[PDB]
Each structure stands twice: as C-alpha cells, then as structure tokens.
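A.B. asks: The structure is given below, and queries will be raised subsequently.
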Amino acid sequence: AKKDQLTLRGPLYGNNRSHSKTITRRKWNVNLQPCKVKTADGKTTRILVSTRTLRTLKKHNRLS
Amino acid sequence: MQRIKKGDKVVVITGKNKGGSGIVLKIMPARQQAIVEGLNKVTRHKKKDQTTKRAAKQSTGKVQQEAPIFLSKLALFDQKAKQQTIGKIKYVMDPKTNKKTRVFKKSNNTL
Amino acid sequence: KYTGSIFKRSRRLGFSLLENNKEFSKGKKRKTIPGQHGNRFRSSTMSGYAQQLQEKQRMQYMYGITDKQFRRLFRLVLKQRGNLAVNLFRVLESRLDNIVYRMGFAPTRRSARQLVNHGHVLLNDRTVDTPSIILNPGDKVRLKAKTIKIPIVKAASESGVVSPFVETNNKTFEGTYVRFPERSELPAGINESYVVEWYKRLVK
Amino acid sequence: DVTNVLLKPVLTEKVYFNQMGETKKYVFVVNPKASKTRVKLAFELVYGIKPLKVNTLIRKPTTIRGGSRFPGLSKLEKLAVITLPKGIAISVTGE
Amino acid sequence: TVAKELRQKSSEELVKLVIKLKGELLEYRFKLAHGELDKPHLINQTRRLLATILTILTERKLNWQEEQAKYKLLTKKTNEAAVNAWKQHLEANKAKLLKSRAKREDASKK
RNA sequence: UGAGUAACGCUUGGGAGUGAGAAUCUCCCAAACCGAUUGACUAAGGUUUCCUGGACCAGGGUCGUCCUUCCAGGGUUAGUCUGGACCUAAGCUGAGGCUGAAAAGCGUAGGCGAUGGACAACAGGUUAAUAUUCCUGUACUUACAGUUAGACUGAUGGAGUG
RNA sequence: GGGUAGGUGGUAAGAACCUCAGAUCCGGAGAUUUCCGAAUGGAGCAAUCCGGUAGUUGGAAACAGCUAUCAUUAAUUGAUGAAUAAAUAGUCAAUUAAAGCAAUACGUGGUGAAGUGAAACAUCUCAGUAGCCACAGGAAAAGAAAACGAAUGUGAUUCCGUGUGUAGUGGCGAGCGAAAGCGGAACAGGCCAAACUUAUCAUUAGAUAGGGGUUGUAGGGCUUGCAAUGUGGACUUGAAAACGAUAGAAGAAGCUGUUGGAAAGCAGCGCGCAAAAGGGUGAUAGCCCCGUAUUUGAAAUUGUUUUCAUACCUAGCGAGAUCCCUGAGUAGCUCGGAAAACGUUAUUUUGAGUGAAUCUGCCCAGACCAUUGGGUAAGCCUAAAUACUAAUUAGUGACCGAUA
Ligand SMILES: [Mg+2]
Ligand SMILES: [Mg+2]
Ligand SMILES: [Mg+2]
Ligand SMILES: [Mg+2]
Ligand SMILES: [Mg+2]
Ligand SMILES: [Mg+2]
Ligand SMILES: [Mg+2]
Ligand SMILES: [Mg+2]
Ligand SMILES: [Mg+2]
Ligand SMILES: [Mg+2]
Ligand SMILES: [Mg+2]
Ligand SMILES: [Mg+2]
Ligand SMILES: [Mg+2]
Ligand SMILES: [Mg+2]
Ligand SMILES: [Mg+2]
Ligand SMILES: [Mg+2]
Ligand SMILES: [Mg+2]
Ligand SMILES: [Mg+2]
Ligand SMILES: [Mg+2]
Ligand SMILES: [Mg+2]
Ligand SMILES: [Mg+2]
Ligand SMILES: [Mg+2]
Ligand SMILES: [Mg+2]
Ligand SMILES: [Mg+2]
Ligand SMILES: [Mg+2]
Ligand SMILES: [Mg+2]
Ligand SMILES: [Mg+2]
Ligand SMILES: [Mg+2]
Ligand SMILES: [Mg+2]
Ligand SMILES: [Mg+2]
Ligand SMILES: [Mg+2]
Ligand SMILES: [Mg+2]
Ligand SMILES: [Mg+2]
Ligand SMILES: [Mg+2]
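Residue numbers (my numbering), protein chains in the order written: chain A, 9 to 72; chain B, 194 to 304; chain C, 13 to 216; chain D, 2 to 96; chain E, 1464 to 1573.
Here it is, written out as structure tokens:
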C-alpha cells in the first residue's frame, strides 16, 4: 500500500471544499520517497519512507 | 418408589365398577394406567386376517381382555388386618434391612 | 499487512521513537502496580483536611465499609436533636456483623460478615441475611444450631473473651447488651471527631 | 482383514443362473469404499479358496415409496461377483 | 458386571475373544440374510460385547489389529479341494497354451 | 354467472378372448401414413422413467380390465470401451513478489484445465431386463520375480520425430 | 452416584429377548468419534480421486494389509550457503503460535452515500445513519489534568436527572445544540525514560543485564543524619472452612346419599394446613393421584466468599550543596482539511513545509499583549458503576389463541 515502512502512517482522507462550499471527498498521500540506511552491519536496503521520517533519520545520525 | 406394583391386590374406588378387587398384571408408568385382571373387560370385534403361518387360522371371536385403568382410580387393599379396609400408604424406611417399605397410615401393616 | 518484521524495523533504528516506546524491555510491574495503590495516607501542609481523610480511611477499614454507605449513615444520624456525638458512635457500632465479631463467634470481623451473609444469624422480632442491618441497643441475636452442628467450636472460646459492651454466654449461643460501647471500647485506632466535620462539608 | 467388507449375500434369478454349471458365481454386497483386491483378500482369509476374478456393481440410490406422506431415498450398494474355479462349490451358510 | 469379568482376563486372551466374536458376527449376519437365524437378538449381544471388549482394550494403550498382527496362527482344512481345482486349472491352461504355440509354429514353418 | 357453452392439440374396419362392465385392454387378419425417416447406434441431458406381477384413490382433456401413474420384487459385471492412475491449448489457480484506505487486483516458479495427442479384443451365443464387460473360441498389451543366451548400461539434460 | 421393578426411541400392534449378582431411566466424569468442511500430503466439479516418507506383517518381488507423519505464514534456534573473500540474500531442519466459525445483540477503528426536508435547489439537513471492511472482549471504549473555570472554588474516567431547548451556532432559513454548576450510581490510582551507579561486550557503546526514580503548595539525583521494620494491594502457590450449581428422599387431611353413562358437581356430617401454586383423574376435588409449603441430602465436576501461611510490590520527617535530570522533527508557525453544539476558531487532530526553550523554564484562563492565577504536553497500564441476550433454570402476563 501507499504507506511508510518504518512507521504505519498512511493517507489522510478529507473534503475538497471549493467556492460555493461544494463537497467532494479527496485523499492526501504521504511523500513516499525511497531512502537507504545502514542497519545490521550497515546493510543498505532501499525503503520507501515519508520525508518526515527521512528528516528524522538524518538528524538521528542513522542516515549516516 | 411406587404406590402400585406388579402383583399386589388392588381395588377401584370410582367409576361404574365399585369395589372391584383384582391383581395388577402390568403397570405402564409413562401414561399412568394399570391392567387389573377381571376389571375393565372390553370386547374388540375380532376380524379375520390371513397373511402368516399363524394368521392362516388366527381363530378370534369375542375374546374378552383387559382395558387399562388410571392409577388414580386404584387403591391398595389391606390383607393383614382382620377387618380389611382401604387406606393410604407411607414410605417408612426400617433400619433392619435399610430398604424402603410401604406401610399404611390408618394402621401399622407393612405393604 | 505483510512481513512487518518488528526486528527489521526495531533494529532498523535501535532507538528512534517508535523503537524506544515499544522497547520490549517492557517489564511486568505486575506487583509494583497493586500494592502501592492498595491504600495510602498521611497529612499535608496546605489543606489540613489530610488528617480527616486518613482517619476516615482507617475507620471504614475497621468495619469494612464503602464510602457511599458511610455517607448514608451520616445523613441518617445527622438530623435528630443536637450534639449527637453519642448517637453516631452507636450507629457505627450497631452493625450486625460488627456485633457478631464483638460477640465472639468468629475469628475476624469480615469472617463474621461472611457467616452472616451465609445465613447463620437469628434475631428476635425477625431473622437476617444482609450484613448491614442497624441493631437496637437492647437486642438479642440467638445463634443458629446448624453452625454448632459444624463444631469449629474454636469460636465459642472467643465469645467469652468478649468486650464489656457485649454480654454473651458461651456454648449456649445468646447475646444482647446495654450501656453501648463507651469510647474506651472504641480504642485509639480512630478516636477523633473532626472526621464528622469532614463529612459535614462533603455531605449536607 | 477386519472383515467388515462382506455385508450380506444376495439370491436373485441372475445369481442362481450363474451359480450353476461347473464354475459357480457367488454375488455378495460389499463395503462401498472397498476395492477389488480387498474383496479378494477378505474372501481368502474367511473362506480359503482364491477367487478367479471379481466384478463390481454400483447401484445408485433412487427415490422409493414415492407419493407416500414421507418419501425416502434408497441405500448405496456395491455388489461383487466372485467366480470360483471349476469343480469347487462352497456353501455360503455353514462353517 | 460383565466389564469386571473381562478385566480379570489378560490382554492376549481378549484379542482372541475379539477375533472369535468378529467371525461369529459375520455368520449371524449371513444367516439372517439367508433366513436361517432363529435367534435374532444375538446380533446385538455380540456387537455390545464386542463394543465392551474394545472399551477394556482401549483403557490400556493397546490396539486390536496390530496386537494380533505380531503373533497369530495360520489356517487349515480349506486346502485340499482348493489345490485340486487350482492344479486342474493350470493344467488346462498349460494345455491350451502349448497347443496354441504348436499350431502357430508349424503353420509358420510350412 | 357465462354454461353443460367453446374446446378435447395430424391415424381405420372386423373376428376371437379376458373381464361385473370393452370403439379405447390382449391376440390375429387386414387397412392407412413414415421410410435422408415416425427406421437403427450413441454424445448431451433426464435420473429408475428399464423388466416381471398386481391395482384402478388420484394423473391420462372421453373410456379403461390399460398405462412413461401407483404398489412389490428385480435389473447396470471391463487389463483392451468412455474418462482418471499419462500429456498439454484457450483460460483458471498461483508460494515468494509487485500494486492498492481495508476487502483485494496483477503476476513468476509450480498445479489444474479436452472439445485435441499417446495407449492392448475380435467373432458368435446366452437372460424378461446387461453385455467389445457374462460364456465359448482365438488373441494381444504393460508391470514383477526366477531362469537361459547375448550384449556395457546409457537421463531430470541435448537433438530428431511426434 | 441417585433410583427403582420394569425395559427393548415416535407413527406400533405382534415376534424374539433383557431385567432383583439390581435392568431401563436421571446426574457427574471418561471411551469411540467414517467423509466433506478453516481442511492444512497433492488435486478437485464438497462429502471424490491420486500419493510420498518411516515402521511392521504376509509374498519370491511387483504388491497388498495395519500404524504414525507429510500445508502456508510469523517468531526463536541450529546447519548449509550465490553473484563476490568475508558476509548476507536464499535453502533446509526443530520448537512454539496464527488461521475458521457464530449471538439477525452490544464495542472500537477505517471508509462512507442516497431517498428525504428546506414546500424548487447547490451551502445545509438527512448523517457520520445504511452499507463494506479489520480487530476483539466478556464487556469494550475512556481514564488520573501541560484540567475546568472565576472563586477564601472542584480535584481520574464512565453512566443517570437537571441546568434548557439555555449560551450559542445556522442560504441566521430548514434546523442543530453543548460545556460549567448542582443532585445521584460507583470509586483507585498506578508504572517506565532521563539523571547517578554496577558488570560485561576488538568497551570507538551510542549496546545488554541490575540497583536508583516517577513529580506541580515542583519532584528526583549528589553529600550527610534521625526514625522505620510496619500497613496495604488490582496479588502466586498451597491448606482449611462456609455458601451454592449439576440427580434426588420424606412430605397432613373423607365417607354417605341424589341427578347422572361416569361426581370431583349438589346436599349432610367431618378432617388437615409453614401444603387453598399447578396438573391429571369418565363434569366444577384442600383431604383420589402426582405434586406444592417445610425439613433435608453429593461419590465426581464446577462457581463465589472467608481463614492461615507463603513468594513478588509497597514507607516518614530533616540538613547542606546551587550542581545535574524531568519524554524534540516535539510543542509552536505557514498552506489545505477536519473534531468539538459551531458552517473552522481560542482548544483538539493532521497531508505538505519549517521549526523552539529547559523551573527566573513551558502550556492554559475564546483573537492578542501585560499583571494575577491554574496546570506540568510530546511514555505506559488500570477493577466498579455502563451496553446487549443466541443459550441454561425458575416464573409472570387487563399478551396471541389457527386469516391471530
Ligand atoms: Mg452533500
Ligand atoms: Mg466396472
Ligand atoms: Mg369467475
Ligand atoms: Mg353452469
Ligand atoms: Mg351461447
Ligand atoms: Mg354453439
Ligand atoms: Mg364444438
Ligand atoms: Mg388428439
Ligand atoms: Mg380417430
Ligand atoms: Mg407411403
Ligand atoms: Mg428416430
Ligand atoms: Mg417416478
Ligand atoms: Mg413395463
Ligand atoms: Mg400390469
Ligand atoms: Mg378418466
Ligand atoms: Mg475379457
Ligand atoms: Mg490433468
Ligand atoms: Mg476427448
Ligand atoms: Mg436392451
Ligand atoms: Mg449403577
Ligand atoms: Mg440532497
Ligand atoms: Mg426538497
Ligand atoms: Mg416538498
Ligand atoms: Mg480497557
Ligand atoms: Mg441447601
Ligand atoms: Mg417423594
Ligand atoms: Mg401426600
Ligand atoms: Mg384439583
Ligand atoms: Mg496554543
Ligand atoms: Mg461537524
Ligand atoms: Mg512554574
Ligand atoms: Mg513533563
Ligand atoms: Mg400462522
Ligand atoms: Mg384457516
């Protein structure tokens, strides 16, 4: 599914309000961008993660 | 235990037959009736049927048998007493044999 | 929804946030939890009332009461004549199982209550199954004969041990009283009267 | 082995027609789950003479007592036609 | 009542009992299907006694087929007529077989 | 009520017999239609409707002693026939895997899937009902073991044929 | 175990048996339990077909009986091992769990309309309803203040009444509609992270396993003393006792006459009652029968409570130092949505982006600033009152009585 692999945070369903307040259901998708990290002997394994998690990995020295 | 068993003398206290003394030949507990010899004589109109070795003859005319009677209409008959009378029974347990025994309540006669 | 492999993600980070929140190290604390909670008390500085609360706890435990029942009994005794500091003591001590424990046929008050609930207990103008009836100063409590048919008997002895506000003859199973317990027979475990004022604020 | 695969012998016009003239043919009803080899083995261990060959019949269940207040189906039968060699004739009853 | 008597018995005697009652059960069912069974209640008594015997044998962790497979005794009596018929059949078969090949061989030689 | 009205949905005569009762049932003799078919063998489907005896509640567009109706009993025999234990086409399923809010969709290796390919039995007789199946006669094929003689045996793969 | 003198289930007579060495029957505990079905050796058109492996018995072998085992995924462990040395991917084996169903009922979460109303209709309503899906449980959810809110105030959550159809919110239209406070049901608060310290990992630990700690009238750690050996739990194993549940035992009291096929009706004279509930008995029976009130009883299984011991948690008030710790892609902010009564806004939440501080700190009291005051976010668990009845036992009906 279109979801992160580190966390379980997925899409967010909501309303598409326009002028005249017409209601149409829409979906916000998370920015799943590929990322490589070093775990278990630094073994890089591409993992589709959200940019938010990408920032977290970068600050946590993990992303190297 | 049971008020009426197979063998003891019994009489009828209601119906067309009053004071009819007899011996219980068989007791059906589920439908609460009792076959007593000499009482409730019914005469089935015996037809003729021939489809078996015994049915080849099956000689049956005006055979008079026994009709079942409700146990409520039955009452135990006293024998030990010099003046026999009809009464109700208890369920005393004598410690001599530790076995339940029927005893009348208007006298002290066992069974 | 796939091969989540908690090892894969947990080790993937080794600290992170989700990792540490879940950190299987998660012990049992299954004895820490119970006991400390159990029941506490002490007195503080800013409200004073701390003393009242602790004393209330002690009194309720001494007789095995729920706070709601206590509020009911205080409401009952509150209205009558005047300074009723002699009435509510009799009310708190008029419990049937309380009388049964001071009567001496049970090792402990709650055990006596269990007996009462199990239908051991015979009264005068009535009988009894509920362990909460308010008894009158001069009332009898004839004990059953079935309980004696189960000789554990050890009790009868306690009966004589007694406390002066209870007059019960051992073995013969009978009890009544007069001159309701004075404060001496209500020892210093809970002997204060500002718990009364605590309930006056909390209960109208 | 257990010998529950020999339920009941059956005697009809066809059975008696075969059961005469040198080689005898005995028709039994057998377990519907049994195979020809099991039938031969059961006959071996309980009679003692090896069948020359075995034939099998499956009679399908059919509606019976139609129109009666409660209708009912038939029962599944597997028939086996054993044929003993020339000159041997054993009795189905009497052992 | 009956279970006590069988309980007194050993295991080996019990498996002998089961084979004898199994055989007797087959005979009763065959005789009933041929209409020569005067006593039709013996089917139930054998089956109940058979079921009872199974109960005592299953208290201990022992089966009835495997235990009899380890040791047993063979059969007898049903042998003479069987071999006479079989010997006759193979002799007839060999005569036809020999005759057929001879006919074919001399025909091909000619 | 319409109303005992419309309708009763392509096929004749007679003799003998049964029976309480016969245009309608049985037998016989004709007669009239089908005859690239109303004839015969089977696939699909139907599921006992097949044979024998009995019955005439109901069904049969009339009648009925009679029926594909009802009752009781019986009837379907395979190493070679039709299909599995052999093989694949369209297509289906499909561990991993990919995709997708969830349910799920797609899909690899494998596995199914004949309407096709490979594979050894023909003639006659027999019962009321089965017959390349039962019987007679004459054959063939594939496995396993022993034995004789000869020969070095050669596939889960390659190639040819199919 | 109870309990007897009958029994072989109903349409059901007969034939033939069983049963007083205690049958049938009732209760507790077990045995057997074909095939399909989550179906799980492989397949498949459900109740069918085709097997492998390891044993054992017959055969001269093929083979045939009789047993046990053989699905997938996830976790742990061990062995083997590619591109490519090492190492992984992968492969294999062993152990432990998961699959599914139903209670036409309750819970949570995700998704989510339309008929309709507004006398049309698009904002709105219907309605976060129906439906679809996932996960349970015997309840679930919620839960211990970065709170309400305006005071010399209350002090987890949940549910009921009121506050009230109030403040408010609405093409200010149709409509929607709380949060405080008050009265009640029940009541319970707990535990980690970090400091500090111990031991071990080529100790590059930034990791593992322990001691220490759990906060707001700030708490804890650092150093130094006094008082403590207790009280209590949402608590483990046992032992004992009590109250029950799953069969049962005992259980009072009436005759005569009349109409009548039949009395129990009617009449006369009686009797019993802790039993006058009910059913049957040839009409309408307290005293004909079975029962009911009442007194009782369990070998075996099981429920609740109590007693004793036993593990495992749990403890106060000072002094000095002025040092350290208190949950970060977090709270805020911007751009689009939503939750709350609110049609988006102080508070809550998040798809994209950015991004703090560290008790003289941070958040809140309906924009916002200052004063005052309240509270300690970014970690976890939590019984009770609450929701429902497919089922078991007892019972009731100004509920129905074969078109209901
Ligand atoms: Mg809309
Ligand atoms: Mg066949
Ligand atoms: Mg009409
Ligand atoms: Mg007319
Ligand atoms: Mg006309
Ligand atoms: Mg006309
Ligand atoms: Mg006409
Ligand atoms: Mg016509
Ligand atoms: Mg004509
Ligand atoms: Mg012509
Ligand atoms: Mg034709
Ligand atoms: Mg038919
Ligand atoms: Mg016919
Ligand atoms: Mg006929
Ligand atoms: Mg007619
Ligand atoms: Mg042949
Ligand atoms: Mg195939
Ligand atoms: Mg074909
Ligand atoms: Mg034919
Ligand atoms: Mg017994
Ligand atoms: Mg609309
Ligand atoms: Mg409208
Ligand atoms: Mg309208
Ligand atoms: Mg919960
Ligand atoms: Mg009791
Ligand atoms: Mg009794
Ligand atoms: Mg009585
Ligand atoms: Mg009555
Ligand atoms: Mg704010
Ligand atoms: Mg809203
Ligand atoms: Mg502060
Ligand atoms: Mg904090
Ligand atoms: Mg109805
Ligand atoms: Mg009707």
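Backbone N, C-alpha and C fix where the C-beta goes; we use that ideal spot for every residue, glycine too.
To the nearest whole angstrom, what separates the beta carbons of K87/D and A1565/E, a pair I think is in contact under 8 Å?
C.D. replies: At roughly 24 Å, the Cβ-Cβ gap does not stay under 8 Å, so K87/D and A1565/E are not in contact.
A.B. asks: Got a sec: is the Cβ-Cβ distance from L1489/E to anything in chain D below 8 Å?
C.D. replies: For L1489/E, the answer is yes, since a Cβ of chain D falls inside 8 Å of its Cβ.
A.B. asks: Whose C-alpha, out of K46/A, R60/A, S26/A and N37/A, is nearest the C-alpha of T15/A?
C.D. replies: That would be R60/A, whose Cα lies nearest to the Cα of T15/A.
A.B. asks: Could you say which of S75/D, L58/D, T94/D and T63/D lies nearest to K34/D if we only look at CA atoms?
C.D. replies: Per the Cα distances, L58/D.
A.B. asks: Using the C-alpha atoms, what's the distance from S196/C back to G60/C?
C.D. replies: Between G60/C and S196/C, the C-alpha separation is close to 27 Å.
A.B. asks: By alpha-carbon positions, which one of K283/B, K234/B and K293/B ends up nearest to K255/B?
C.D. replies: Of the candidates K283/B, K234/B and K293/B, the one whose C-alpha sits nearest the C-alpha of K255/B is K234/B.
A.B. asks: If you measure from the beta carbon of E96/D to each beta carbon in chain E, is any gap under 8 Å?
C.D. replies: True, the Cβ-Cβ gap to chain E drops below 8 Å.
A.B. asks: What did DSSP end up calling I55/A once you bin it into helix, strand or coil?
C.D. replies: If DSSP states are grouped into helix, strand and coil, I55/A belongs with the strands.
A.B. asks: Could you tell me which of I202/C, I77/C and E179/C sits nearest to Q63/C, measuring between CA atoms?
C.D. replies: Nearest C-alpha to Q63/C: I202/C.
A.B. asks: Would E1522/E pass as an interface residue toward chain D - the criterion being a Cβ-Cβ separation below 8 Å?
C.D. replies: No, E1522/E does not count as interfacial toward chain D.
A.B. asks: In terms of residues, what are the limits of the beta strand (DSSP E) holding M221/B?
C.D. replies: Note, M221/B: beta strand (DSSP E), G215 to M221.
A.B. asks: Straight-line CA distance for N69/A to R21/C?
C.D. replies: If I take the Cα positions, the gap works out to 16 Å.
A.B. asks: Going along the region 1510-1542 of chain E in order, which residues come within less than 8 Å of chain D, judged by CB to CB distance?
C.D. replies: Cβ contacts with chain D come from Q1528, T1538, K1540, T1541 and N1542.
A.B. asks: Check the Cβ of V93/D against every Cβ in chain E and list those closer than 8 Å, keeping chain order.
C.D. replies: Residues of chain E passing the Cβ test: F1493 and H1497.
A.B. asks: Does any residue of chain D bring its CB to less than 8 Å from the CB of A1548/E?
C.D. replies: For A1548/E, the answer is yes, since a Cβ of chain D falls inside 8 Å of its Cβ.
A.B. asks: Considering only the alpha carbon of each residue, which of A249/B, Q277/B, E230/B and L269/B lies closest to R295/B?
C.D. replies: For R295/B, the nearest C-alpha among the options comes from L269/B.
A.B. asks: Going by C-alpha to C-alpha distance, which of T236/B, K209/B, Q258/B and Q243/B sits closest to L218/B?
C.D. replies: It is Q258/B whose Cα lies nearest to the Cα of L218/B.
A.B. asks: Kindly indicate which three-state DSSP category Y14/C falls into: helix, strand or coil?
C.D. replies: Residue state, collapsed to three classes: coil.
A.B. asks: Taking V45/A as the reference, give the member of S55/C, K68/C and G26/C with the closest Cα.
C.D. replies: The candidate whose alpha carbon is nearest that of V45/A is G26/C.
A.B. asks: Beta-carbon of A1570/E versus every beta-carbon of chain D: anything under 8 Å?
C.D. replies: Chain D contact via Cβ: absent.
A.B. asks: For chain C, is any of its Cβ atoms less than 8 Å away from the one on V38/A?
C.D. replies: Not one chain C Cβ lies under 8 Å of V38/A.
A.B. asks: Could you tell me the distance, in whole angstroms, from the CA atom of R224/B to the CA atom of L304/B?
C.D. replies: For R224/B and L304/B, the distance between alpha carbons rounds to 24 Å.
A.B. asks: Would the beta-carbon of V40/D fall within 8 Å of that of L80/D?
C.D. replies: No, the Cβ-Cβ distance between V40/D and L80/D is not below 8 Å.
A.B. asks: Please classify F18/D as buried or exposed, where buried requires at least 16 neighbouring CB atoms within 10 angstroms.
C.D. replies: So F18/D counts as exposed.
A.B. asks: Under three-state DSSP, which class holds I77/C?
C.D. replies: Coil.
A.B. asks: Can you pull the DSSP bridge partners for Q226/B?
C.D. replies: Its beta-bridge partners are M221/B and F263/B.
A.B. asks: Sorted by chain position, which residues of the same chain lie with C-beta nearer than 7 Å to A274/B's C-beta, five sequence neighbours on each side aside?
C.D. replies: Excluding sequence neighbours, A274/B sits near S300 and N302.
A.B. asks: Quick check on the DSSP output: what are the complete beta strand (DSSP E) runs of length 3 or more inside the region 7-43 of chain D, in order along the chain?
C.D. replies: Entirely contained in the region 7-43 of chain D, the beta strand (DSSP E) runs reaching 3 residues are, in chain order, 26-31.
A.B. asks: Would you call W36/A buried or exposed, if buried means 16 or more other Cβ atoms sit within 10 Å of its Cβ?
C.D. replies: Exposed: under 16 other Cβ atoms inside 10 Å.
A.B. asks: If you drop the 5 nearest sequence neighbours on each side, which residues of the same chain put their C-beta closer than 8 Å to that of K9/D?
C.D. replies: Correct list, in chain order: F29 and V30.
A.B. asks: Just to confirm, does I18/C get its C-beta within under 7 Å of one of the non-hydrogen atoms of ligand 1?
C.D. replies: No - ligand 1 has no heavy atom lying nearer than 7 Å to the Cβ of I18/C.
A.B. asks: List the residues of chain A whose Cβ lies closer than 8 Å to the Cβ of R23/C, in chain order.
C.D. replies: Those are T47 and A48, listed as they occur along chain A.
A.B. asks: Could you check where the alpha helix (DSSP H) with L1489/E kicks off and where it finishes?
C.D. replies: It spans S1474 to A1496 - the alpha helix (DSSP H) in which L1489/E sits, taken as one unbroken run.
A.B. asks: So, do the region 108-119 of chain C and the region 146-165 of chain C have three or more beta carbon pairs nearer to each other than 8 Å?
C.D. replies: Contact holds: three or more Cβ-Cβ distances are below 8 Å.
A.B. asks: Buried or exposed: which applies to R107/C, given that a residue is buried once 16 or more other Cβ atoms fall within 10 Å of its Cβ?
C.D. replies: Looking at its Cβ environment, which holds 16 or more other Cβ atoms inside 10 Å, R107/C is buried.
A.B. asks: What residues of chain E sit near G88/D, judged by a beta carbon separation below 7 Å?
C.D. replies: Correct list: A1548 and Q1551.
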